[PDB]
Structures are given as structure tokens and as C-alpha cells.
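Read the structure below first, then the notes.
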Ligand SMILES: c1ccc([P+](c2ccccc2)(c2ccccc2)c2ccccc2)cc1
């Protein structure tokens, strides 16, 4: 009965891959799934996954300049998901 | 090609409340040290061949030069008061206090070598020597330059709500005055060597304020990780080699007014002699209260690089505006009492004994370069100060001396009363500061658009 991991930011990349450093005020029960896609709607989704107050990580960002959109995921109390939040800002 | 310092003005919403006000107490402790200074100029006047500045103000060459490098941590430790461990932030602090004691022993060493103003080419005020008890202000007061980098690495760790220095560097000066004279001739004290022993006095107090770092692992949680300040990591361990490309660009860019140092003292020695060596009760009164101005931002450099840690990109570099233009309020609204007033009977014979009976051809640049610059490096205690951007901000300054080289022999060549004359493209050298800098400060607050890569969040 809540909302998301409620910050956003991707400051820079390493214009191949990318640092994604967002909110995690503690955890909850604890867990983050992070989505992994362009916004093409083609090239399938993929999965990063992290622990503690750590949504504050960095992708393996394979492909070049192409628009990339990417969500993090709370997981709590209920082994379900508190909410998600996403931004799309690519290379 | 009409504007290329992009969206200039904007650095504004309702920021009337950018309160960098304990960031003046970063440089009101610095009038506190600024003013030991004269109390042994007009304190070692007990000796009259103790004009003494003759070494003490040519010691403070490799002070304020290596000084730069050190006060170049102001980013680091403010910027990692955007992370958490003041002991990793501090294992710098330590690794720099290793610098500030390592480079500190080069002041301490390049000073040894130093002592050979046994040399000549042009007039007195730079050659003539007979009895030099400067001999020993060279040592008794250059054997300190080690504990004096630490004694500064101090406020290079006052980058996070301490003005615990304004505290000390006053109950510091006051300790010296007493002390100071004891050595010029004193009590039970080592009472003889006097014109260098104002220097063993001064330098004595460096080591005292050197341990006003120690006694301020005191009022809350630590900045003490003084384990073996040791290094080795790659070829040579950084967090130290990192300090490097913040250091370099700075002292070497403090070697701006390090040649506006041998600009200022190479136009008293033509037939300039008399009133052209009063362009120095003038430009002495530049530094004097230019310092609390100027260094509002060399204290604002916190509030900016600090608040990029706490990732408020330009919720900082757009106070790097209303901090820029706020002492910039009296940057002009007290550049007024600089072209206006004089060295009247409000000047006696102090910091440079030359007052009653000389021309006011000296306030004619206490406006020229004066506000047109006032801020024009508090633009850098905000570029470096914010960013790496002393990188070649270094080459901000390769200009203000190579943009003002020719306005060197352009007082000497003049059209009128060209006493503020070689203050030509050395107030245009020095107002192509109004550009290049605050240029990468709209390259550069326009940076934290590229950087603030997720504009905001939800609820
Ligand atoms: C080189 C040597 C001495 C000084 P100054 C001085 C500074 C600024 C403007 C004019 C003069 C000095 C300033 C502040 C503290 C100590 C010394 C200086 C020069 C001649 C005689 C006394 C002091 C400056 C450059």
C-alpha cells in the first residue's frame, strides 16, 4: 500500500554503459530488480538485480547511442513489489 | 557569434536566501591572520634596518604558491560531504596532510636553496644588501613552511560547517604579538636575534595553529584518520596523485599575482621612483580589503562542489550565481570607497612607510581592474571551486599576463598620465576574465543538464 523507489538520475554513462544512481532510503524487506531495455519495443528486456539501499548501481550497457529506457523495482514486506519507477535517457 | 557564453543571466528564481554567511567567517579569520602581518612590520620597527619584508614577503611566495595546491582540496572534502565517511574523505585529508607536510617540506627545502638574494642587476628594493638578518627570517621563518601547510590543510578540512578556524586564527594572532617581540628583544626568552626573530615568532605560531587542527578533533565526530598517512597503490598512490591536477592548475594560477608581483615591482624602478612606489600603499590596500571580498567564493567553493555530492546539480551551480553576485553587491558598492577616498591622515607610516606628500595616481585603478576582477576569480573559486575546472583554468591565467604582458611597457610609452596605463589589457586581460571563466559556468551550469540525467521523480 505505497509508491516507488522515488528518485531518478543517471548522471553520466561511459557512453557504452551507464551509471544509474537512484533512491533507496534503506530498502524494504530488500531487493531491486531493474528493467533493461531500449524504448524501441524490440530487443527484449533484461535483468540487473541488487541488494541493500542499493538501486544506486551501473549497467553493462552494450549497444551505442540508441535510446534506452530503464526501471528499478522495490520488493518488500510482501515478497511482491512496492512500486516501480523509470526514466528513458540513453547514451 | 553574438553570444557563446550561452544563457548568461539566469542563475535565479527566489534565491534571495542563498545563505553563505558562515562563508565570510572563512575569510574573517583571514583578516585575523592578514593582521599578524603588520604587527611585526610595525613591530619590528623597533629595528629600523628591519625592513624585514625583504625576505618575509619573499618567503610568502612559496607559501601562497604551494598554498594554492593545498586549498585545492576544498572540492574533495566538501564534495564528499555529499557521500559519508569523513575518514575516506579524510584518508585524503590525511593523505593531503601528508601532502601538507610533504610539499610542506619543500617550502621548508626550496627555502634553504632560496637564501641567495646575494645577486644583482637593477636598483634597490631588489639587490643592495649589507647586513642581512633576513639571512634568518629566511630560515627561522622558512624552517616553518612544513607545519604551515598542515596549518592550512586545517581549513582545507573546514569544508563542511566549521569556522573553528576563526576561533583559533585569532587566539593565534594574539599569541604572536606577545611572542613576536620577545624575540626581537625580549625577556627570559632568546632575547637577541631581532630582525628574523620577529620571524621565529611568526613561524612559531604556525606550529601552534598547526596543532589547532589537532585540538579540533573535539566538538563532534572525527576528521582524525591519522594512521600512517602512507601511500603506494599504482606506480604512485593517488587520493594524493589526485590532489595533483587540482594542485598544479592552482598555485601555477596563483602565480598570476605572482608575476603581478614583479609587474608591480618593476614600475617603481624607472624614473618612476617617488609616487610610483606609492602604487603600493595603493595595491597594498588592494589585497587588504580585497581579501574578504575575493575569498567569499574561495569559501563559497564549499557550498558548490559540496552540493554536487548531495546531487543538487545547479540547485548549486545556480547559486554559483547569487553567491557570485552577492559580494558582487559591494564588489562595486565598495569599489566606490576605492576610487573615492585616499591614504589621508588615516594613513600614518605602516605596511609601507610612504604617506604624507604623494599623488593619488593610485585610485585610478582601484576601479579599472578592481570590480572588473573582484569577482573574476571568485568565478574560479567556483569552477575549480565547483569542478575540476581549474584544469586549464590554469590557462585562464596564461592570459592575464600574456594578455597583459604588453600592458607592462604601456605605462612606459603613454598617451596621457599613464600611471594606470599598463593597467590597460591588464584590466582587459583582466576583464577577458568576465568571459573564459564564467564562460565555462554557462558551459558549466549548462553542464548539470547533461549531468542531472533524471530531471525529477514521483511521490
Ligand atoms: C612581493 C613582496 C612583498 C609584497 P607586500 C604587498 C602586497 C600586495 C600589494 C603591495 C605590497 C605584502 C603584502 C601583504 C603582506 C605582506 C607583504 C609588501 C611589499 C613591500 C613592503 C612590504 C610589504 C608583495 C609582493
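Chains as they are written, first to last, in the working numbering: chain A, 952 to 1042; chain B, 11 to 469.
Heads up, the beta-carbon is just placed ideally off N, CA and C, and yes, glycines get one too.
Within 6 Å of the C-beta of residue 271 of chain B there is at least one heavy atom belonging to ligand 1.
Taking a C-beta distance under 7 Å as the contact criterion, residue 319 of chain B and residue 42 of chain B do not qualify as a contact pair. Within 6 Å of the C-beta of residue 63 of chain B there is at least one heavy atom belonging to ligand 1. As the crow flies, the alpha-carbon of residue 333 of chain B is around 16 Å from that of residue 300 of chain B. In summary, residue 165 of chain B is buried, with 16 or more beta-carbon neighbours lying within 10 Å of its beta-carbon over all protein chains present.
One Cα belongs to residue 434 of chain B, the other to residue 414 of chain B, and the distance between them is close to 7 Å.
Membership of residue 1035 of chain A in any alpha helix (DSSP H) is not indicated; the residue belongs instead to the beta strand (DSSP E) covering 1035-1038. Apart from the 5 residues on each side of it in sequence, residue 294 of chain B sits with its Cβ closer than 8 Å to the Cβ of 361, 362 in its chain, given in chain order. Comparing alpha-carbon positions, the option among B:351, B:331, B:84 lying closest to residue 29 of chain B turns out to be B:331.
Counting only the Cα atoms, residue 51 of chain B lies some 12 Å from residue 59 of chain B. By the beta-carbon neighbour count (other beta carbons within 10 angstroms, threshold 16), residue 161 of chain B is buried. Contact of residue 469 of chain B with chain A by beta-carbon distance below 9 Å involves 954, 955, 957. Look at residue 317 of chain B: its C-beta is not under 7 Å from any C-beta on chain A. Under DSSP, residue 989 of chain A takes part in a beta bridge, and its partners are A:1019. Of all residues in the region 84-113 of chain B, none is placed with a Cβ closer than 7 Å to any Cβ belonging to chain A. In terms of Cβ geometry, residue 1027 of chain A and residue 1033 of chain A form a close pair [threshold 7 Å]. Looking from the CA of residue 195 of chain B, the closest CA among B:186, B:185, B:207, B:184 belongs to B:207.
Rounded to the nearest whole angstrom, the C-alpha separation of residue 370 of chain B and residue 352 of chain B is 7 Å. Not one beta carbon of chain B lies nearer than 7 Å to the beta carbon of residue 985 of chain A. Taking a C-beta distance under 7 Å as the contact criterion, residue 257 of chain B and residue 54 of chain B do not qualify as a contact pair.
If you draw a straight line from the Cα of residue 306 of chain B to the Cα of residue 978 of chain A, it comes to about 40 Å. For residue 311 of chain B, the uninterrupted alpha helix (DSSP H) segment begins and ends at 310-319. Straight through space, the alpha carbons of residue 310 of chain B and residue 32 of chain B are spaced by roughly 10 Å.
Per DSSP, reduced to three states, the secondary structure at residue 274 of chain B is coil, with no helix or strand assignment.
For residue 67 of chain B, the uninterrupted alpha helix (DSSP H) segment begins and ends at 63-69. Taking 8 Å as the upper bound for CB-CB distance, residue 124 of chain B and residue 152 of chain B are in contact here, some 7 Å apart. Short of 8 Å from the beta carbon of residue 365 of chain B, and not among the five residues preceding or following it, lie these beta carbons of its own chain, in chain order: 291, 353, 357, 358, 359. The beta carbon of residue 385 of chain B sits closer than 7 Å to the beta carbons of 334, 338, 341 from its chain, once the five residues preceding and following it are set aside; these are given in chain order. For chain A, the residues of the region 432-466 of chain B that bring a beta carbon within less than 8 Å of one of its beta carbons are 460, 461, 462, 463, 464, 465, 466, in chain order. Between residue 312 of chain B and residue 105 of chain B, the gap from beta carbon to beta carbon reaches 7 Å or more. Sequence-ordered contacts of the region 317-338 of chain B with chain A read 321 [C-beta pairs closer than 7 Å]. Contact annotation: the region 372-379 of chain B touches the region 416-434 of chain B, with at least three C-beta pairs closer than 8 Å. Excluding its 5 nearest sequence neighbours in each direction, residue 137 of chain B has C-beta neighbours in its own chain below 6 Å: 130, listed in chain order.
In the structure shown, the three-state DSSP call for residue 999 of chain A is strand. If you draw a 10 Å sphere on the C-beta of residue 244 of chain B, you find fewer than 16 other C-beta atoms in it, and that means exposed. When DSSP states are grouped into helix, strand and coil, residue 434 of chain B belongs to the coil group.
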